[PDB]
């Protein structure tokens, strides 16, 4: 009976040092029933998961920046960062399948993040294909990507579906938050509304079930928005009543005492279900992170923690230049093994085009010459995109075109280009 052999193999897989901490309130029987008859392979997802787990257990910490194009993810890997962050904020702003500029209010189409992850993996694969074609070895391009699944884009089935989509697109890891989908909001926005703790756990179980049904040890990050969230949908859950002042808004939200206490309560509740815990934060406060991490290690020794080094903070207002300089080392040492500047891509794209565009209006081609000279200078450090035809794969596609002809083509592109003759 290969039914009983398959369920056997599911079970053995579940019972390894990965998953040591974690609870699955479903049998292997259940996963078997719901995964169909043919097990599809998700190479980039599996590789990304295994590589992210190992980095997280073998590095001081993993520091990322959000990317909203493949070209950005590419230059992040070229610089030597070992993981890539997929910001829903950045997706709303400038990269969704509605083609709109959106504030972080869950207004964009739900397949936007997965498609971007798929685009980022595609850029990374072309980089690798190009490097491989030149017999280079100096970069491992399949950087784990950690993706924003917001509040699930609805109910647990919506969670289940987006988890599967992120895996198909090949994400190493996926974060889910405890906000009301109908009213999801940026973590550094007012008006945040919590769901019942049991609600947030159902969401996390749907993540893991999805991941199991795809047969990938995708990393589940449980985020909580409870440190600032002074609104709750329902007082039904015994764990949430203690935080309810017993008053109610004209929409019938329950008012709650937000602060590290409600953040810790949610963190503790979610941690048997999550590979990593994320506590949204009003400011960069190394002390608040020490107390949050202390609280969580108190009952969950060595549980991975992630920290948002948000551009949503005015860093040099909240902190002296020495503390900033040490911030990621300090967060490192408390257990925050994954740290990510969420809106790095937006700020990098918007500021960089503003400075070029404004100098261009003023000084025309002087502005562009200066950028091209900055790009040449940066070649000493790894940068190469100044040679933009090679950068995007004109080299690679020329070699394809030559294998297809047999050496006899008058239409080789990189040969006789301004790139080969002026750089």
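Residue numbers count along the first chain shown, from 1.
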{"query": "Mean C-alpha B-factor comparison - 65-73 and 29-37, higher one", "finding": "29-37"}
{"query": "299-307 versus 186-194 - greater average Cα B-factor per the deposited record", "finding": "299-307"}
{"query": "From 104, 148, 94, 240, residue of greatest CA B-factor", "finding": "240"}
{"query": "C-alpha B-factor winner, where the candidates are 326, 83, 199, 139", "finding": "139"}
{"query": "Third of chain Cα B-factors occupied by residue 249", "finding": "highest"}
{"query": "Third of the chain's Cα B-factor distribution that residue 371 belongs to, per the entry", "finding": "lowest"}
{"query": "Third of chain Cα B-factors occupied by residue 317", "finding": "middle"}
{"query": "Cα B factor band for residue 347 (lowest, middle or highest third within the chain)", "finding": "lowest"}
{"query": "Third of the chain, ranked by Cα B-factor, where residue 169 sits", "finding": "lowest"}
